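Worksheet: the structure to be examined is printed underneath.
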Amino acid sequence: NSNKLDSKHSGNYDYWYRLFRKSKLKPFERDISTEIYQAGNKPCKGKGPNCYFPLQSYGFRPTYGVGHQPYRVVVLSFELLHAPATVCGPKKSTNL
Amino acid sequence: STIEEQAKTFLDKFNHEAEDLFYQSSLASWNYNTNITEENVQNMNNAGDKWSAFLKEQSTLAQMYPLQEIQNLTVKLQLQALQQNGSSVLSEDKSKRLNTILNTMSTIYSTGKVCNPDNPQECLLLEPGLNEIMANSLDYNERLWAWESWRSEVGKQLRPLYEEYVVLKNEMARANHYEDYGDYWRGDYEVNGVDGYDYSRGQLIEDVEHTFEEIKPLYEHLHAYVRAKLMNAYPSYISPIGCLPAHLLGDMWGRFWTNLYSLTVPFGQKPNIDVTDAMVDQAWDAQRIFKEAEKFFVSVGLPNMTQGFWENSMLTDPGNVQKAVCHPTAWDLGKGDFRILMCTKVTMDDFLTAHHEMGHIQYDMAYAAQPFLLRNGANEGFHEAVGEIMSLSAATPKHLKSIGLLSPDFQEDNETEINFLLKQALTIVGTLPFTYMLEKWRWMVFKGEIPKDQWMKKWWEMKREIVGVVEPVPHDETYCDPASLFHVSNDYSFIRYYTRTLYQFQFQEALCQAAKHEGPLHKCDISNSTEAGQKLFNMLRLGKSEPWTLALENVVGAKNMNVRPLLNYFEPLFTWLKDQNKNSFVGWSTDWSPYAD
Ligand SMILES: *[C@@H]1O[C@H](CO)[C@@H](O)[C@H](O)[C@H]1NC(C)=O
Ligand SMILES: *[C@@H]1O[C@H](CO)[C@@H](O)[C@H](O)[C@H]1NC(C)=O
Ligand SMILES: *[C@@H]1O[C@H](CO)[C@@H](O)[C@H](O)[C@H]1NC(C)=O
Ligand SMILES: *[C@@H]1O[C@H](CO)[C@@H](O)[C@H](O)[C@H]1NC(C)=O
Ligand SMILES: [Cl-]
């Protein structure tokens, strides 16, 4: 939980997330989309009545519930593929 | 493609914008109400103007969605709550005239002054002055003068203005497909589209009339007892069969009979429960009071409290440099920011008031995840009732003994519980007929059933027939005495109190049954039970996205208001009081009046 650094009064309006995309994403994909969504029929241009801007804001304040609390998440991924390993754990031993 | 999805997108936008706007508005109100300056007034005026403009803009923009093409209930509730334009359906001219007449109602009621007939320059306001006059003075002449001066000063000014108020409100209600303003007010309890939970607009009138019918006998017995005590105190002013005078009921309008306690105390010699000596002896302060209530709320398993409330809320009077208006109010600023404001003193009354305020905060915090348009009680009457049930629980002497405020050597007996129940009856039983008759009378006035030239006459006829209250000096149609009340003159519904009285006792009975208590309903304690807390939470999380009937059933299992808890709680009181009333006349005569000799 990050409640001291990634929190501020008067609301935190800096963090984003996306709720609209044409289809499902593929694993480990980056998509900085700027196009406007379309519902099913209109040749709409711009922010139409059925065409919206697909970016929202993570409104944050330090008086939030635990379930809604802005948790800091980092994921670590490894690959067990046969190749020369460059990073490995340390080990140390006794005296001579 | 469909209009439902466009409605979902519109509500999604409105929720996130209105959260910030309402937060700024409520923060301005919070910095004004506690800290009274002139620039904070300007800041609140600006914030409120922005909030009202936003509400009007959203209503105008979302009026183009017809409600006939919505399926899932959640959205339909949001759109119905949003679409109510209120006064905006009326033309601009009559709307502004209405807002001015409302402002004059507020100014006249707040600044109303009455002067004694011996000193023109010495005049008294109501809350600072007449309140104390009719709450402490035992002099008949002084109470009569306070009643008559206040009424003759406010009602004559407020009568034609109330008439045009009723006309404009009826016109606006007819514009909004309502037969009368009474129907507009009754629409709060309205629900549709849910099978097995429907509720009609006349159903409210029917059930309230039935409940008053079943509650009548205890009120009449208490009236007989109070009348006997009053003739014991005042032999030459009250008839053995006639109705009680209005200005002998403890307050300005007969709303509460809490003052008359000393008159109807059964054992003036039996000690009364009070732990202010316990707080001063143990050096209790506001922080310890609120921590004690914190642990009381934790005892049932409710969610334990947050940091910002303790850090930023003022739990004490802010000295004399800054002056605060500290009526007990729980503030939900939105976005998880909950706050409290009241000038805390070391008194048991403040202990119960704090428990009530924390109960409101607990309710407010329970539905924090609910969207912006629905973050409110299932109806209007669930907030206060939930706040008052906690104070009722904390007032039990068992809890006081448990938390080390009352000595374990204290001997509970029949007389002490009879005294406590008489106190509770004087605060509760006295106000039910007043609330019922007041709201009902306004309903007929709104319905327009009573012609203009007999409003006061019919009002007093109802009072003498059903409430047992008769005026001491006759009044003509130029008076507007009902408007001499805070709720009547400032556009508030009054039935809320009757429904709250029923709901709080229904909840108390249900939770006490769930608590497995072996003893009198009034001795019941709800701590030690996380099952009761879970039962309370099962409705606390609901809010009002679902019909109020379902929320009530989730607690008591009943889909309608019932009077069984109220009669069961006061049953020992009822049997003792009927034991007393064997030698006194039961009922009242409407013909007798103090001014008729
Ligand atoms: C006094 O007024 C200021 C003005 O914003 C406010 O910030 C402060 O909280 C007030 N003091 C209180 C509420 O105790
Ligand atoms: C309403 O929405 C809920 C939650 O998504 C869903 O479970 C339910 O089937 C919907 N009902 C209708 C009538 O669309
Ligand atoms: C916090 O609340 C839970 C119930 O929600 C309760 O089990 C726990 O005892 C509370 N915390 C403390 C310190 O009592
Ligand atoms: C008090 O605590 C324990 C809980 O197991 C038990 O003696 C008793 O059931 C509790 N009292 C009530 C009223 O639940
Ligand atoms: Cl009436």
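The Cα-based radius of gyration and maximum Cα-Cα distance (Dmax) for the stretch B:494-597 are 18.9, 62 Å.
Taking one quarter of the surface of the convex hull spanned by the alpha-carbon atoms of the stretch B:51-171 gives a direction-averaged projected area of 12.1 nm². Legend note: in the protein assembly as shown, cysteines whose Cβ sits 4.7 Å or more from every other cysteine Cβ are A:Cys88, B:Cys243, B:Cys480.
For chain A, the fraction of C-alpha pairs more than 15 angstrom apart is 77%. Dividing the mean sequence gap of close Cα pairs (under 8 Å, 6+ apart) by how many residues chain A holds gives a relative contact order of 39 percent. Considering only B:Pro547, B:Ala514, B:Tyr492, the residue lying farthest towards the positive end of the dipole of the stretch B:483-556 is B:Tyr492, judged by Cα position with unit charges set on Cβ. Taking 0.36 nm per residue of sequence separation and removing the Cα-Cα distance, the B:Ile450/B:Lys13 pair yields an extension gain of 152.6 nm. Computed with the Debye formula from one identical point scatterer per Cα of the stretch B:1-596, without solvent, the log10 of I(q)/I(0) at q = 0.08, 0.10, 0.12 Å⁻¹ comes to -0.63, -1.03, -1.57. Here the protein assembly as shown is treated with +1 on each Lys and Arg Cβ and -1 on each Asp and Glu Cβ, and its dipole about the Cα centre works out to around 2560 debye. Taking a straight line from the alpha carbon of B:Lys457, these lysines sit under 27 Å away, with near neighbours fewer than eight places off in the same chain left out: B:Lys113, B:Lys156, B:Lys169, B:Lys216, B:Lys440, B:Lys447.
Among B:453-459, A:70-76, B:477-483, sorting by the average number of other beta carbon atoms lying within 10 angstrom of each residue, highest first, gives B:477-483, B:453-459, A:70-76.
Here the label points at B:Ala596 and B:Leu567, each 7 Å from Cα along the C-beta direction, are separated by 3.2 nm in the simple model.
Any idea how many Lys pairs in chain A come in under 28 angstrom at the alpha carbon, given 8 or more places apart or on separate chains? For chain A, qualifying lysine pairs total 9. Note on the stretch B:133-290: with charges restricted to the Cβ of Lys and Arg (+1) and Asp and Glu (-1), its dipole about the Cα centre is near 740 debye.
I'd like the FRET efficiency for A:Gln56 and A:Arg30, computed as 1/(1 + (r/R0)^6) with the beta carbon distance as r and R0 of 22 Å, rounded to 0.05. Efficiency, from the Cβ-Cβ distance: 0.75. Toward the positive end of the charge dipole of the protein assembly as shown, about the Cα centre and with charges on Cβ (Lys, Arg +1; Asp, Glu -1), which of B:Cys343, B:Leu438, A:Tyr64 goes farthest? The one lying farthest along the dipole's positive direction is A:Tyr64. Efficiency by 1/(1 + (r/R0)^6): what FRET value for B:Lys345 and B:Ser402, r their Cβ-Cβ distance, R0 = 22 Å, to the nearest 0.05? Taking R0 as 22 Å, the efficiency between B:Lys345 and B:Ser402 is 0.40. Available extension along the chain between B:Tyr237 and B:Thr478 is 84.1 nm, counting 0.36 nm per residue and deducting the alpha carbon span.
A convex hull fitted around the alpha carbon atoms of the protein assembly as shown yields 258 Å³ per residue.
Cross-link partners of B:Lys76 among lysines, defined as those whose alpha carbon lies under 21 angstrom from its own and excluding same-chain residues fewer than eight positions apart: B:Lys8, B:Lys13, B:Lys56, B:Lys544. Overall, the stretch B:536-597 carries a charge dipole of about 340 debye about its Cα centre when +1 sits on the Cβ of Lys and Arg and -1 on the Cβ of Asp and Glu, all other atoms neutral. Partner shielding of A:59-69 amounts to 5, given as the average count of beta-carbon atoms from other chains within 10 Å of each residue beta-carbon.
Compute and list, largest first, the equivalent-ellipsoid semi-axes of the stretch B:386-438 from the alpha carbon gyration tensor, each √(5λ) rounded to a whole angstrom.
Values: eigenvalues 156, 45, 5 Å².
Over the Cα atoms of the stretch B:386-438, the ellipsoid semi-axes are 28, 15, 5 Å.
Estimated from the Cβ-Cβ distance and a Förster radius of 56 angstrom, the FRET efficiency linking B:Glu122 and B:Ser91 is about 0.75.
Only helices enter this figure: runs of n ≥ 4 DSSP H residues, each worth -39500 (n - 2.57), summed and divided by the residues of chain B, yield -18000 deg cm²/dmol at 222 nm to the nearest 500. Answer rounded, prolate or oblate for the stretch A:49-91, using the Cα gyration tensor with square roots of eigenvalues a ≥ b ≥ c: rounded when a/c is under 1.5, else prolate when a/b is larger than b/c, else oblate. Oblate is the answer for the stretch A:49-91, as a/c is 1.5 or above yet b/c matches or exceeds a/b. Look at the alpha carbon pairs under 8 Å that are at least 6 residues apart: their mean separation over the length of chain B gives a relative contact order of 20 percent.
In this rough spin-label picture, where each label sits 7 Å from Cα along the Cβ direction, the B:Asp195-B:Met64 distance is 3.7 nm. Of all DSSP-defined beta bridges confined to the stretch B:1-596, some 60% are antiparallel rather than parallel. A simple count of charges around B:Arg500, restricted to other residues whose Cβ falls under 9 Å of its Cβ and scoring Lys, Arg +1 and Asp, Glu -1, yields -2.
Using only alpha carbons, the stretch B:341-415 has a radius of gyration to Kirkwood radius ratio (Rg to Rh) of 1.11.
Relative contact order of the stretch B:43-158: 16 percent, from C-alpha pairs under 8 Å at least 6 residues apart in sequence.
Give me the extension gain from B:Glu57 to B:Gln534: residue separation times 0.36 nm, minus the current Cα-Cα distance, reported in nm with one decimal.
That pair, B:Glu57 and B:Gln534, stretches by 167.7 nm at full extension.
Read the figures in this text as sums done on the coordinates, not as results from a lab. Don't worry about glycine lacking a Cβ; one is built from the backbone with ideal geometry, like all the others, and counts go over all protein chains shown.
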